[PDB]
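Novice: This is the structure I want to talk about, given as structure tokens.
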Amino acid sequence: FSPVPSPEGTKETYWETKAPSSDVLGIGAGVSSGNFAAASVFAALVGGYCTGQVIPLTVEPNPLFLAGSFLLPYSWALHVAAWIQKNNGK
Amino acid sequence: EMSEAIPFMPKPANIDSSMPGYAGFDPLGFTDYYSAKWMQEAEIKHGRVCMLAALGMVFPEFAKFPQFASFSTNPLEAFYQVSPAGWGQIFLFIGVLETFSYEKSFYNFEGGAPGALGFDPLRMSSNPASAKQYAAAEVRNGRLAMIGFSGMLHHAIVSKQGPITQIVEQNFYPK
Amino acid sequence: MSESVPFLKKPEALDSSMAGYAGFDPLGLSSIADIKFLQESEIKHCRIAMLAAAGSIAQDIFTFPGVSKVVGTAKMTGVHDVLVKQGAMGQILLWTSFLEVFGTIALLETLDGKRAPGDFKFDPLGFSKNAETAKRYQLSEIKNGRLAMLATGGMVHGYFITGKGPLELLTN
Amino acid sequence: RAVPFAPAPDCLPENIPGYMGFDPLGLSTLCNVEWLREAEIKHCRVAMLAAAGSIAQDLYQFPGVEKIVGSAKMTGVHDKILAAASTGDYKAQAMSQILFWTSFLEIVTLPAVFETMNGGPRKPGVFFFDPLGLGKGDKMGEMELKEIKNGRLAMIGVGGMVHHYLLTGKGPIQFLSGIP
Ligand code: CLA
Ligand code: CLA
Ligand code: CLA
Ligand code: CLA
Ligand SMILES: CC1=C(C#C/C(C)=C/C=C/C(C)=C/C=C/C=C(C)/C=C/C=C(\C)C#CC2=C(C)C[C@@H](O)CC2(C)C)C(C)(C)C[C@H](O)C1
Ligand SMILES: CC1=C(C#C/C(C)=C/C=C/C(C)=C/C=C/C=C(C)/C=C/C=C(\C)C#CC2=C(C)C[C@@H](O)CC2(C)C)C(C)(C)C[C@H](O)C1
Ligand SMILES: CC1=C(C#C/C(C)=C/C=C/C(C)=C/C=C/C=C(C)/C=C/C=C(C)/C=C/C2=C(C)CCCC2(C)C)C(C)(C)C[C@H](O)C1
Ligand SMILES: CC1=C(C#C/C(C)=C/C=C/C(C)=C/C=C/C=C(C)/C=C/C=C(C)/C=C/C2=C(C)CCCC2(C)C)C(C)(C)C[C@H](O)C1
């Protein structure tokens, strides 16, 4: 009803193709699909290891294993980005 | 035309002699409503999983892997004796194989043959007659394994043992 | 193709004109983060590490009058643990943070492109007047800073494992 | 050609180093050929380092390693060094150092394997490591055949050495000399 503002640099992300354009990856638009797929497997293994090593949680957990355990959900978004980049020819 | 499986019923229009395990058997017409190629690939995939499942329900009667040698020969107890790390690795492996059928069916549905995941390492099906025979043999052995696994599963439910054990002990009936 | 890493491809965001260019970006992190942000971050790390490497060395060589009374034997990281209890670490943090507040403004100007990455125009003595000596000296600042980054970690980890400190580790 | 009964798949080209027509199980069709080729070259090298390592460690010990090792052979040393590292020994972090550095080399070279699959100029298994320049000075492609062939030999040899160790405590040099 009035012009709705968006932050500067907002671009069009609506897609009907096989994969969205790489611009939906934001800062990760130029990363290769191999680099996401390898980062995804690396993040899944190190995140799963770091998660697994502190499953009995103590009052003294290792802070590096806690922070490294966040790589498991991050790996999900990484392999989705790997799929998007392979289907954009990157 | 009439069905070859049911000679009093008319031929189901969307199934054809081209398909490997065709018998004219669609009394309730799934293919006139669902995609015949989707049903074809789905039948083939159920059969391939069931063929491994039939072999897998029967095989720990004979021998077990040394790590799971302590596990039970009843398959429905050996299901729970496997660790969730083991089932997670099995699920990750099956998922990796499925990534290929996700492409073959949700994106590349029309290009090829149903169930053709590019898995022919010993280069069979090169001879055309041999290819025809193997296609029909895969579909029929898959259906047979579906029936056989269904049997052996419910037989393991009633009598808490493997099918071969139930046979040799002659525990064929609910007791 | 790349100069430093012959098998990998030339990094797309990296150019010969930029100081300390060896075409070295194997993970392609220049695509992920803005290159001007990365360049300023590297220069900030280079200068803080250069001061820190020389710092460790100088503190082993000698201390300032009275510091030895305040910290009995701790060196490298250990003296920092003593100085948070005193006021030295906090006072340096307050002043470095105050300069970094203007640095935040400068970083915003760099992201705009108004200001060169890491260029705070600090020349009390003009040793970059030539403008080719400036190119060389910026390359030297980047190279000595990268070396100092490595070195600072190296000597601090030597303190973590042995407690000797940088010069003392060689002497002992 | 290697197996007359079952020849190599047409997926395998004939102009690759070490091509002698051996693929009876047709494993090339299942996975990308470039990924498989680099996987073999990487296995060749890791195995060659292990085979030469297994022989050399039995043949010679660096000064002072004997006290931590005790009497462990090629497989045993790895367990002994990790056990002492578990205690907290600074000297027993050798395994961690090689794991960190081999991992760092793999992490930096991570993009390279995908770039070869993507169609990049790099051929699988080539990192342009020629400080000696022996291949550049001579003709390249004959040592590539030697590297794949010796690597395959080493792959099998490392398996021989380890399984011989597990059955009988003797390492490589000792096992070759003795004949149980
Ligand atoms: C639907 C299939 C299915 C499922 C869900 C299971 C599930 C299970 N099996 Mg059973 N099993 C299967 C098939 C299956 N198996 C088959 C086909 C065999 C015969 C080889 C066996 C033989 C078997 C034994 C001997 C044992 C199990 C055991 C187990 C348990 C642990 C996992 C394990 O070791 O599996 C092992 C399963 C396999 C190795 C099957 C792999 C199937 C792959 C996908 C087919 C291979 C494709 C082909 C060969 C590729 C060739 C390429 C070419 C170049 C050669 C778990 C309950 C253990 C247990 O606890 O039992 C008490 C155990 O000791 N399984
Ligand atoms: C009776 C079984 C049987 C038969 C005849 C076929 C036939 C076929 N398959 Mg299929 N398949 C089967 C089982 C079978 N498959 C199972 C169980 C799986 C799951 C692991 C698969 C998975 C599969 C995939 C993923 C693909 C095929 C494909 C093909 C086709 C081309 C390859 C070919 O000619 O192989 C011929 C195969 C045989 C002659 C089977 C013989 C196997 C050996 C010799 C005997 C079984 C050994 C057993 C493991 C040991 C038993 C131990 C016990 C007796 C003690 C052809 C239609 C490909 C295709 O393009 O389809 C159109 C394809 O993409 N299949
Ligand atoms: C990252 C840098 C860094 C850090 C955190 C420290 C931290 C510390 N130093 Mg070390 N030091 C440094 C660099 C550093 N130093 C350098 C470069 C030298 C060589 C001159 C020394 C020599 C030195 C001695 C000899 C002694 C310390 C001591 C100390 C402690 C007390 C503070 C003090 O008196 O410092 C004094 C440090 C200086 C007077 C020199 C640093 C001045 C630099 C050049 C400031 C420049 C900032 C720069 C201009 C910012 C640019 C802004 C831009 C936006 C324009 C504390 C642990 C004492 C200690 O605990 O010893 C055990 C001590 O006795 N420092
Ligand atoms: C028989 C051994 C052998 C041969 C012929 C080659 C041949 C080749 N390699 Mg490979 N390589 C090998 C082993 C070998 N490699 C091993 C074990 C490693 C692991 C360290 C590597 C790691 C490697 C990398 C990382 C790269 C190559 C590259 C190359 C090419 C460069 C040509 C050249 O100058 O190499 C000539 C090499 C030799 C003549 C081998 C010399 C072996 C001598 C005898 C030293 C042995 C020392 C050993 C530790 C002691 C063992 C004895 C002990 C038991 C007593 C060529 C295709 C490069 C490439 O393909 O890109 C252009 C490349 O990037 N190779
Ligand atoms: C594709 C491909 C190839 C391949 C391959 C592979 C791995 C092929 C695998 C084929 C397999 C595993 C086939 C297994 C079928 C099992 C059946 C039909 C069992 C049915 C059970 C029944 C009827 C029952 C029952 C029971 C009932 C209910 C009551 C019980 O009391 C008793 C009883 C036991 C009688 C290769 C690798 C060669 C390469 C080539 O280039 C391409
Ligand atoms: C490439 C490159 C560079 C480099 C480099 C390097 C490091 C090159 C290193 C090359 C090496 C180390 C090659 C070694 C291969 C080992 C083999 C073939 C052993 C197989 C085992 C067998 C046969 C066995 C066995 C055994 C059995 C199982 C039981 C045992 O009990 C006994 C027994 C022994 C009989 C340089 C710097 C030159 C530059 C150049 O520009 C590029
Ligand atoms: C924690 C703590 C404190 C502290 C502190 C400090 C000062 C912590 C600083 C830690 C630092 C700076 C660590 C640096 C690590 C650098 C590495 C691993 C790079 C290695 C090189 C590699 C991998 C490869 C290099 C390579 C080589 C070899 C050849 C190939 C190419 C190349 C890439 C050049 C205090 C002061 C607060 C006290 C407090 O009570 C506790
Ligand atoms: C470190 C560590 C360990 C370890 C470990 C290691 C290093 C384990 C290494 C295992 C390896 C490398 C096994 C490979 C064996 C080679 C085989 C089976 C080739 C067979 C030949 C065939 C099939 C046919 C060959 C044929 C013939 C006839 C000749 C022509 C060619 C061909 C036709 C192909 C543990 C696990 C003990 C843990 C422990 O905590 C510490």
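Residues are named by chain letter and number: chains run A, B, ... in the order of the structure tokens, numbers start at 1 in each chain, and ligands are numbered from 1 in the order shown.
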Please extract the residues at most 9 Å from ligand 4, counting only C-alpha atoms and all ligand atoms, and provide them as a PyMOL selection string, using the chain letters and residue numbers of this document.

Specialist: (chain C and resi 7) or (chain D and resi 41-42+44-57+59+123-151)

Novice: Give the residues close to ligand 2, within 7 Å, counting only C-alpha atoms and all ligand atoms; write them as a PDB file with N, CA, C and O atoms, in the first residue's frame.

Specialist:
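Saved as result_24.pdb:
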```pdb
ATOM      1  N   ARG B  48      13.607 -55.762  -5.143  1.00  0.00           N
ATOM      2  CA  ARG B  48      15.075 -55.811  -4.921  1.00  0.00           C
ATOM      3  C   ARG B  48      15.369 -55.751  -3.420  1.00  0.00           C
ATOM      4  O   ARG B  48      16.204 -56.546  -2.952  1.00  0.00           O
ATOM      5  N   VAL B  49      14.685 -54.863  -2.694  1.00  0.00           N
ATOM      6  CA  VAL B  49      14.863 -54.779  -1.216  1.00  0.00           C
ATOM      7  C   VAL B  49      14.397 -56.101  -0.607  1.00  0.00           C
ATOM      8  O   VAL B  49      15.118 -56.637   0.248  1.00  0.00           O
ATOM      9  N   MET B  51      14.192 -59.088  -2.068  1.00  0.00           N
ATOM     10  CA  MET B  51      15.103 -60.195  -2.449  1.00  0.00           C
ATOM     11  C   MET B  51      16.270 -60.219  -1.462  1.00  0.00           C
ATOM     12  O   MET B  51      16.600 -61.312  -0.971  1.00  0.00           O
ATOM     13  N   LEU B  52      16.843 -59.053  -1.155  1.00  0.00           N
ATOM     14  CA  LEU B  52      17.918 -58.986  -0.132  1.00  0.00           C
ATOM     15  C   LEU B  52      17.326 -59.364   1.228  1.00  0.00           C
ATOM     16  O   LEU B  52      18.009 -60.066   1.982  1.00  0.00           O
ATOM     17  N   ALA B 113      14.848 -46.992 -18.424  1.00  0.00           N
ATOM     18  CA  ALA B 113      13.961 -48.096 -18.115  1.00  0.00           C
ATOM     19  C   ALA B 113      13.685 -48.054 -16.620  1.00  0.00           C
ATOM     20  O   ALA B 113      14.468 -47.463 -15.874  1.00  0.00           O
ATOM     21  N   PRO B 114      12.525 -48.541 -16.180  1.00  0.00           N
ATOM     22  CA  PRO B 114      12.225 -48.547 -14.741  1.00  0.00           C
ATOM     23  C   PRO B 114      13.196 -49.410 -13.948  1.00  0.00           C
ATOM     24  O   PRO B 114      13.438 -50.571 -14.277  1.00  0.00           O
ATOM     25  N   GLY B 115      13.766 -48.817 -12.909  1.00  0.00           N
ATOM     26  CA  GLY B 115      14.756 -49.476 -12.094  1.00  0.00           C
ATOM     27  C   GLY B 115      16.161 -49.439 -12.640  1.00  0.00           C
ATOM     28  O   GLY B 115      17.038 -50.092 -12.073  1.00  0.00           O
ATOM     29  N   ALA B 116      16.414 -48.682 -13.705  1.00  0.00           N
ATOM     30  CA  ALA B 116      17.724 -48.672 -14.351  1.00  0.00           C
ATOM     31  C   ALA B 116      18.573 -47.599 -13.685  1.00  0.00           C
ATOM     32  O   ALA B 116      18.578 -46.437 -14.083  1.00  0.00           O
ATOM     33  N   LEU B 117      19.313 -48.007 -12.659  1.00  0.00           N
ATOM     34  CA  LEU B 117      20.174 -47.114 -11.899  1.00  0.00           C
ATOM     35  C   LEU B 117      21.621 -47.169 -12.369  1.00  0.00           C
ATOM     36  O   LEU B 117      22.511 -46.705 -11.651  1.00  0.00           O
ATOM     37  N   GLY B 118      21.865 -47.697 -13.564  1.00  0.00           N
ATOM     38  CA  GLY B 118      23.210 -47.792 -14.090  1.00  0.00           C
ATOM     39  C   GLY B 118      24.095 -48.744 -13.325  1.00  0.00           C
ATOM     40  O   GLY B 118      25.299 -48.499 -13.199  1.00  0.00           O
ATOM     41  N   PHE B 119      23.529 -49.830 -12.812  1.00  0.00           N
ATOM     42  CA  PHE B 119      24.254 -50.795 -11.995  1.00  0.00           C
ATOM     43  C   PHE B 119      24.312 -52.090 -12.798  1.00  0.00           C
ATOM     44  O   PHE B 119      23.500 -52.995 -12.635  1.00  0.00           O
ATOM     45  N   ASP B 120      25.286 -52.159 -13.695  1.00  0.00           N
ATOM     46  CA  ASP B 120      25.579 -53.381 -14.446  1.00  0.00           C
ATOM     47  C   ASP B 120      27.089 -53.603 -14.497  1.00  0.00           C
ATOM     48  O   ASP B 120      27.698 -53.502 -15.565  1.00  0.00           O
ATOM     49  N   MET B 124      26.544 -57.546 -17.855  1.00  0.00           N
ATOM     50  CA  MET B 124      25.495 -58.433 -18.318  1.00  0.00           C
ATOM     51  C   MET B 124      24.513 -57.614 -19.156  1.00  0.00           C
ATOM     52  O   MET B 124      24.738 -56.431 -19.437  1.00  0.00           O
ATOM     53  N   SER B 125      23.433 -58.255 -19.613  1.00  0.00           N
ATOM     54  CA  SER B 125      22.395 -57.675 -20.472  1.00  0.00           C
ATOM     55  C   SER B 125      22.930 -57.137 -21.809  1.00  0.00           C
ATOM     56  O   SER B 125      22.225 -56.391 -22.497  1.00  0.00           O
ATOM     57  N   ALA B 131      19.342 -60.350 -21.851  1.00  0.00           N
ATOM     58  CA  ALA B 131      18.794 -59.162 -21.197  1.00  0.00           C
ATOM     59  C   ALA B 131      17.301 -59.291 -20.941  1.00  0.00           C
ATOM     60  O   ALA B 131      16.818 -58.928 -19.860  1.00  0.00           O
ATOM     61  N   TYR B 134      16.756 -61.867 -18.153  1.00  0.00           N
ATOM     62  CA  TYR B 134      17.143 -61.336 -16.845  1.00  0.00           C
ATOM     63  C   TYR B 134      16.136 -60.318 -16.327  1.00  0.00           C
ATOM     64  O   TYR B 134      15.901 -60.253 -15.120  1.00  0.00           O
ATOM     65  N   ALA B 135      15.593 -59.471 -17.213  1.00  0.00           N
ATOM     66  CA  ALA B 135      14.577 -58.494 -16.818  1.00  0.00           C
ATOM     67  C   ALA B 135      13.333 -59.162 -16.241  1.00  0.00           C
ATOM     68  O   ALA B 135      12.880 -58.819 -15.131  1.00  0.00           O
ATOM     69  N   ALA B 137      13.170 -62.204 -15.131  1.00  0.00           N
ATOM     70  CA  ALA B 137      13.592 -62.975 -13.970  1.00  0.00           C
ATOM     71  C   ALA B 137      13.728 -62.111 -12.728  1.00  0.00           C
ATOM     72  O   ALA B 137      13.378 -62.556 -11.633  1.00  0.00           O
ATOM     73  N   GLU B 138      14.232 -60.882 -12.885  1.00  0.00           N
ATOM     74  CA  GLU B 138      14.345 -59.953 -11.767  1.00  0.00           C
ATOM     75  C   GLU B 138      12.984 -59.603 -11.213  1.00  0.00           C
ATOM     76  O   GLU B 138      12.788 -59.621  -9.994  1.00  0.00           O
ATOM     77  N   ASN B 141      11.386 -62.837  -9.522  1.00  0.00           N
ATOM     78  CA  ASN B 141      12.064 -63.169  -8.271  1.00  0.00           C
ATOM     79  C   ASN B 141      11.836 -62.102  -7.216  1.00  0.00           C
ATOM     80  O   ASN B 141      11.777 -62.420  -6.029  1.00  0.00           O
TER      81      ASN B 141
END
```

Novice: Quick one: pick out all helix (DSSP H, G or I) residues within chain A from a backbone DSSP run and write them as a PyMOL selection string.

Specialist: chain A and resi 22-28+33-52+63-69+71-86

Novice: Write as a PyMOL selection string the residues around ligand 8, taking 6 Å as the cut-off and counting only C-alpha atoms and all ligand atoms.

Specialist: chain D and resi 75+78-79+155-156+158-159+162

Novice: Could you report the residues within 6 Å of ligand 1, using only C-alpha atoms and all ligand atoms, as an NGL selection string?

Specialist: (:B and (49 or 52-53 or 55-56 or 59-60 or 63-65 or 68-69 or 71-73 or 78-79 or 82 or 121)) or (:D and (25 or 27))

Novice: Between B:7, B:34, B:85, B:23, which has the minimum distance to chain A (counting only C-alpha atoms)?

Specialist: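 Result for the nearest residue to chain A: B:85.
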
Novice: Could you check how far CA of residue 175 (chain D) sits from atom 33 (C, counted along the ligand's line) of ligand 6, in Å to one decimal?

Specialist: 7.2 Å

Novice: In Å, how far is it from CA of residue 17 (chain B) to CA of residue 112 (chain B)?

Specialist: 17.1 Å

Novice: Find the residues in chain C near chain A: any atom within 9 Å counts, using only C-alpha atoms. Write them as a list in words.

Specialist: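 Every residue of chain C that passes the 9 Å test is in residues 27, 28, 29, 31, 32, 33 and 34 of chain C.
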
Novice: Write out the residues from the selection above, keeping C-alpha atoms, as an mmCIF file, in the first residue's frame.

Specialist:
```cif
data_model
loop_
_atom_site.group_PDB
_atom_site.id
_atom_site.type_symbol
_atom_site.label_atom_id
_atom_site.label_comp_id
_atom_site.auth_asym_id
_atom_site.auth_seq_id
_atom_site.Cartn_x
_atom_site.Cartn_y
_atom_site.Cartn_z
ATOM 1 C CA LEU C 27 40.093 -23.074 0.238
ATOM 2 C CA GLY C 28 38.679 -20.198 -1.819
ATOM 3 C CA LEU C 29 37.748 -18.232 1.336
ATOM 4 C CA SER C 31 34.661 -15.832 -2.280
ATOM 5 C CA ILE C 32 33.046 -16.453 1.136
ATOM 6 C CA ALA C 33 34.066 -13.222 2.846
ATOM 7 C CA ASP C 34 34.465 -9.770 1.289
#
```

Novice: D:30, D:3, D:85, D:16: which is nearest ligand 5, counting only C-alpha atoms and all ligand atoms?

Specialist: D:30

Novice: Could you check how far CA of residue 5 (chain A) sits from CA of residue 17 (chain A), in Å to one decimal?

Specialist: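 A separation of 27.0 Å between them.
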
Novice: Hey, list the chain D side of the contact with chain B: 12 Å cut-off, only C-alpha atoms, answer as a PyMOL selection string.

Specialist: chain D and resi 5-11+23-31

Novice: Please identify the residues whose atoms come within 9 Å of ligand 7, using only C-alpha atoms and all ligand atoms, and report them as a PyMOL selection string.

Specialist: (chain C and resi 24+49+52+76-82+147-157+160) or (chain D and resi 100-101+104-105)

Novice: Store the residues picked out above, limited to N, CA and C atoms, as an mmCIF file, in the first residue's frame.

Specialist:
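This went into part_33.cif:
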```cif
data_model
loop_
_atom_site.group_PDB
_atom_site.id
_atom_site.type_symbol
_atom_site.label_atom_id
_atom_site.label_comp_id
_atom_site.auth_asym_id
_atom_site.auth_seq_id
_atom_site.Cartn_x
_atom_site.Cartn_y
_atom_site.Cartn_z
ATOM 1 N N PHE C 24 47.731 -17.405 -3.310
ATOM 2 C CA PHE C 24 47.519 -18.462 -2.328
ATOM 3 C C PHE C 24 46.145 -18.316 -1.691
ATOM 4 N N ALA C 49 50.161 -9.146 15.671
ATOM 5 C CA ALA C 49 51.115 -10.235 15.799
ATOM 6 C C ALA C 49 52.557 -9.764 15.708
ATOM 7 N N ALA C 52 53.309 -8.425 18.909
ATOM 8 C CA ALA C 52 53.325 -9.515 19.884
ATOM 9 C C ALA C 52 54.570 -10.390 19.802
ATOM 10 N N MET C 76 55.094 -14.392 29.112
ATOM 11 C CA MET C 76 54.181 -14.680 27.972
ATOM 12 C C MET C 76 52.723 -14.542 28.429
ATOM 13 N N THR C 77 51.940 -15.620 28.355
ATOM 14 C CA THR C 77 50.517 -15.598 28.793
ATOM 15 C C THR C 77 50.407 -15.409 30.309
ATOM 16 N N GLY C 78 51.336 -15.975 31.081
ATOM 17 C CA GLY C 78 51.214 -15.926 32.552
ATOM 18 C C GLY C 78 51.189 -14.508 33.095
ATOM 19 N N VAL C 79 52.005 -13.612 32.532
ATOM 20 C CA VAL C 79 52.042 -12.195 33.000
ATOM 21 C C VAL C 79 50.665 -11.560 32.762
ATOM 22 N N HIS C 80 49.988 -11.924 31.669
ATOM 23 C CA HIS C 80 48.623 -11.397 31.390
ATOM 24 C C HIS C 80 47.679 -11.786 32.534
ATOM 25 N N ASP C 81 47.769 -13.025 33.024
ATOM 26 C CA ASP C 81 46.900 -13.492 34.140
ATOM 27 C C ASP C 81 47.143 -12.610 35.368
ATOM 28 N N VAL C 82 48.398 -12.227 35.614
ATOM 29 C CA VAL C 82 48.745 -11.328 36.756
ATOM 30 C C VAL C 82 48.239 -9.908 36.469
ATOM 31 N N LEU C 147 54.615 -13.903 8.944
ATOM 32 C CA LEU C 147 55.660 -14.622 9.662
ATOM 33 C C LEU C 147 55.503 -14.460 11.160
ATOM 34 N N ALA C 148 55.199 -13.247 11.602
ATOM 35 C CA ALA C 148 54.987 -12.953 13.008
ATOM 36 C C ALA C 148 53.736 -13.623 13.550
ATOM 37 N N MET C 149 52.690 -13.748 12.728
ATOM 38 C CA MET C 149 51.493 -14.486 13.126
ATOM 39 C C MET C 149 51.844 -15.925 13.459
ATOM 40 N N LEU C 150 52.556 -16.571 12.521
ATOM 41 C CA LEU C 150 53.067 -17.924 12.723
ATOM 42 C C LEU C 150 53.976 -17.988 13.939
ATOM 43 N N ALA C 151 54.919 -17.047 14.016
ATOM 44 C CA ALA C 151 55.917 -17.001 15.071
ATOM 45 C C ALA C 151 55.290 -16.808 16.437
ATOM 46 N N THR C 152 54.302 -15.903 16.551
ATOM 47 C CA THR C 152 53.631 -15.596 17.814
ATOM 48 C C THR C 152 52.909 -16.820 18.344
ATOM 49 N N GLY C 153 52.227 -17.546 17.450
ATOM 50 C CA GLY C 153 51.623 -18.810 17.842
ATOM 51 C C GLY C 153 52.650 -19.830 18.257
ATOM 52 N N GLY C 154 53.760 -19.845 17.542
ATOM 53 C CA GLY C 154 54.822 -20.793 17.776
ATOM 54 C C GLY C 154 55.489 -20.721 19.116
ATOM 55 N N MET C 155 55.827 -19.483 19.499
ATOM 56 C CA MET C 155 56.442 -19.147 20.770
ATOM 57 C C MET C 155 55.420 -19.175 21.915
ATOM 58 N N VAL C 156 54.134 -18.863 21.647
ATOM 59 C CA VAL C 156 53.142 -18.970 22.715
ATOM 60 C C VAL C 156 52.850 -20.424 23.001
ATOM 61 N N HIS C 157 52.892 -21.280 21.976
ATOM 62 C CA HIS C 157 52.606 -22.676 22.211
ATOM 63 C C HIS C 157 53.805 -23.295 22.894
ATOM 64 N N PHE C 160 53.126 -22.697 26.321
ATOM 65 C CA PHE C 160 52.089 -23.591 26.840
ATOM 66 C C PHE C 160 52.648 -24.970 27.176
ATOM 67 N N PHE D 100 47.750 -34.625 11.884
ATOM 68 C CA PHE D 100 47.450 -33.213 11.666
ATOM 69 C C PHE D 100 47.992 -32.744 10.325
ATOM 70 N N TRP D 101 49.233 -33.130 10.015
ATOM 71 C CA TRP D 101 49.888 -32.635 8.773
ATOM 72 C C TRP D 101 49.340 -33.335 7.527
ATOM 73 N N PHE D 104 46.059 -31.782 7.054
ATOM 74 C CA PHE D 104 46.214 -30.400 6.533
ATOM 75 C C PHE D 104 46.483 -30.467 5.028
ATOM 76 N N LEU D 105 47.341 -31.401 4.603
ATOM 77 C CA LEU D 105 47.654 -31.552 3.159
ATOM 78 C C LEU D 105 46.377 -31.954 2.417
#
```
